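First come two forms of one protein chain, each written alone as structure tokens, so that there is a structure 1 and a structure 2.
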Structure 1
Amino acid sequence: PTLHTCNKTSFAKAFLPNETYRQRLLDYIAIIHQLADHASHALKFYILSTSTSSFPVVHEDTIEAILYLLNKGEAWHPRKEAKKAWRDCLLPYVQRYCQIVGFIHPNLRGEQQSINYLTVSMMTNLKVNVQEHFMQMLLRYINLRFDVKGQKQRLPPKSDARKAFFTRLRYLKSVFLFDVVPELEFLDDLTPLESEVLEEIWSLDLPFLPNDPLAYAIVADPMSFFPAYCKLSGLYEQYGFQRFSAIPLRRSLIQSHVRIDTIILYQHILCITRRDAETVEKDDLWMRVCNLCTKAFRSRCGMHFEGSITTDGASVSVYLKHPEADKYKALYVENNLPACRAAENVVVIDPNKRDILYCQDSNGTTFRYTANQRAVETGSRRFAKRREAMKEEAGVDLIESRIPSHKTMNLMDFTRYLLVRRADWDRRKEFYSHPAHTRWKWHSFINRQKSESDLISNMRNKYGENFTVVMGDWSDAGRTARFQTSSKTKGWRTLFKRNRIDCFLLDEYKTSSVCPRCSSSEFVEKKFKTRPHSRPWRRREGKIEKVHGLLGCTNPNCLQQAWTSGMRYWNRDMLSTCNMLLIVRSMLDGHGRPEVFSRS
């Protein structure tokens, strides 16, 4: 739904200073964490075990049955007919998995509430993974087998006659993907290399829709594509391609957040009979453990604190549930011109990798937010070196790095991964049991939250209390270019909304190749200065980096007789912002986007 909000808080403030209640929380979280970790591995183990027959269909009952068997073994006595069949089917494999990993049944009481949350959560991961990444992996497999990486050199670009492969590839993809029915005569033109691809893709047993393409079939029923998706991963390992985790695994040993609701509260925390809870108000139960008077539990926007929290022993996530909720190009500046004209001040931002934000007003005031500032303010860089030092001090790297790949689909290979993981499981848990690992995640949230708040506060001082942000449309929806650090591009579109700041998108086409002072894209030079590589390890290699953020104009109008360089130097980020002001100003004035910056 879309009627919930969360106010994260620390463990100390969330829970009252009661040692008995606090100890149960940590003990309960650890038990649930183990079940979630082993259940995911158990789910994959069952799938791999049956790989030599019809693929087993995975439903909510399948994951739920595994969780109960691990916790209760044979003591689980479901009455649903469907669950009974899965219990017997999964029982031989669950016991076998425990032998490999040495798991011992905790026999936790009142598992149902935790089981249901984990069951849905684990089931969600399968749906999400198949829905989005199924198309990406299948398309990648077609490209890899055709050596599209090497086709760049074999068929050099900038030639018309060499588009045959690209045209050939596009036609084959439609036929292979079954989106378009091929001509029956085309089968005689298949090359031996392409012939194998057609048969291999057919073996995936990809579903079909009589009137819709795969783009809609996957969304309609992602679970139907799960059996094909698992076999697709096997093909990647069969030819050395970069493997992907088709079956999600909760590998991390750090205590994960485990949801604690009203029922779990009396079941395990308060340890009182169900009658004691049924006869007492829901708010009263939580007040005995959690300090509801704190800021985190306060209501907001008509959303009250219905009992639900996820904690990991260092931080607590307090959720607010709206009463009306179930009990259980529109963002571009072009289409929002009427609102922009009413803005007190308009700010244009050109995101980049290093200069994550570079803002400029109509008056020319300059402000920027750099990734280095996040590295210091957020503390991620500090938490990086220190994390490595602890790993080296405890000698976990010597053990952690040798773990066999978990993405393998072969049963024998996966068995080795479990054995190696068990080989040094005891040592690693002691290392990850340190409070620092969970402390860093909570501290990162505070520093990251504090850094974002400071960013908005600084912008308000320079740009006023209320302002409208017109950011460039460029953004990385994942798949960030290699050799470049991660950066926040689409996230800023959400941060402004949380702070009651309107955000709009603008096209950046040709915005970096126009001199604002003469409005001409002809006399512009790019990447003329050179110097040793700024990266210390690349500099030792002797590499030379051509300047990227420096631009200049050779037009006589911009030059002066007293100069010796012969160019009016400009900054890439600042130059882009200046062009945006001209583009935005023209559109606001009714003249539209200038032809200089148009895709003509």
Structure 2
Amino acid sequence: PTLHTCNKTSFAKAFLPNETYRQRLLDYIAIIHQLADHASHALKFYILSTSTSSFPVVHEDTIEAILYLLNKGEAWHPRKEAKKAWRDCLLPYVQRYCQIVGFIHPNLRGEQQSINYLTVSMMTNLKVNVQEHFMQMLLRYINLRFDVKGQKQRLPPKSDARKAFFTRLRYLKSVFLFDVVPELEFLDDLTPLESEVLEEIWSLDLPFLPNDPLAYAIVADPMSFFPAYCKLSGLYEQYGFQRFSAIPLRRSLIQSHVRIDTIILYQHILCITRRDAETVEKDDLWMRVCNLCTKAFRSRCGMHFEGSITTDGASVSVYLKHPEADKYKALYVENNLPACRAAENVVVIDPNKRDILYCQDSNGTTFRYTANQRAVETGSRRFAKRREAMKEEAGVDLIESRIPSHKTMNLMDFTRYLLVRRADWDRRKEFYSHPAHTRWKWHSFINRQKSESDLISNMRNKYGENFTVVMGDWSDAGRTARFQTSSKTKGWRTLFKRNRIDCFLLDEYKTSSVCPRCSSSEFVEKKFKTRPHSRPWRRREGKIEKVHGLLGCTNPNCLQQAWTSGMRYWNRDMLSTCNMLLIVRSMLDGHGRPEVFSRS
């Protein structure tokens, strides 16, 4: 819910021009960054070591113990019985990890706050990674082992004879996923390939709630599947499949944002005793370090700054906390017709890859937001070219290209990764210490914010200050197709919500396959024009590209005798938007979706 919000600002503006305080901030975050970096690797190192006998039950204490051992080492003297047990178990491995990596204990004082944030954040990473991807990888494992891609090509489609494999797969999947209890009558008929897959999944020992499906169990207790997820990665490595990061690692050497709260502020920045700070208000204590009078720290929507920020030496994120905090199908236009009628103007958007947004209204005013426009305004490609050139000058590209894979689940393989990373850590650390790397992150945010701000401003001047957006439901969220490039599809819904612009979803079925002029898909033609490939590397290779954004209608009524082409050309994005307006117009009038676009 709307209980927290953030306002990013630059390091110079956020903090007062005090050299001493600023230097302490940079030094403190650097130490915390190192602890987080090695802690994540140390956690994986411990898991890969103890997995030979018994898989550890990773818990918040496990991550906390690793962080404390890296900082204090044997000097850490926890009083809780549970934490003490982890200290003894983990101490031998942390010392061994330090020797391999050469890390020296910072012995930082008053790190309790930093450890808690890192422990909670890192523990959250374990839950989310397993929660949202255990099913994905397991299903992918089944397909790769059976080579479903090979079977599809080898076995002709739409043939009753070959339907047995897909029907066979369902029975196999149910047994593997424990949806159906295995029985002798079926196991005897398993082919050797199927039998091998059965044993491998059984070795994973998937937790399974008898009263709920497997998917529900993952959501209910995702961490219970962590032992299986790590062991699943081993199968990928064994068979050469594309490995996945079972255990998250903070590999990046660039300055990562470190949360700084009131407790950390006085202990490290002001360097004053706890009693001295307790006698001063939290807001007053911050004013001696940060310029709270600036725009970022001002309250919004009843949310006030509560002495919690994250900084990385170039940008500062200011968090506003609501007092009511925890203290540590409906979006479719069909269900929102009354709102659309009262809307001053309705704009239909057809998302695409090159044309991220293609907007049209009843007046026919066309507006688009292209990927090239975003790249130039955002400067991502400009930064990418500069970043690549800078690496070549420093020679770091040759170093990073040969780093052993960190996704390996083998102790020996992971040890090589640490040794290689340690071998050139100094040179790469110096290269990444340059302000440019952090500035690009901050400059990218400014450029991205301005680019979106101009988009809204341009749209408002194009269609009006207040308008309703009916955006197509198409989106490749998290599943970008091969080739092409990443594009913003579902993020525009949030952006419109932020700008108080109503956003509604509309089905795109047959929106790009019906001619609006005649409302018929019988005479619509596609993929009829061909030209040399637009991609320069493909063009030199001699490959040819087929025009996709150009459509045409051969219906005689849409034709004119003067044309030698014989078809009324239509732009794909323009054609889709026009059809959407027809769909919206019919729905508003109460006639529902046109039968031509019906899925029926």
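Here, a residue number simply tells you its place in the sequence of structure 1, counted from 1. Heads up, when I say rigid core I mean the largest set of C-alphas that superpose within 1.5 Å between the two forms.
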Residue showing a 2 Å-or-more C-alpha displacement between the two structures once the rigid core is overlaid, selected from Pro106, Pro182, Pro404, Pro207: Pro182
C-alpha of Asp160 off by 2 Å or more between the two structures on rigid core: yes
Rigid-core-fitted C-alpha displacement of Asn363 between the two structures (angstrom): 0.8
Angstrom displacement of the CA atom of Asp476 between the two structures, core fixed: 1.1
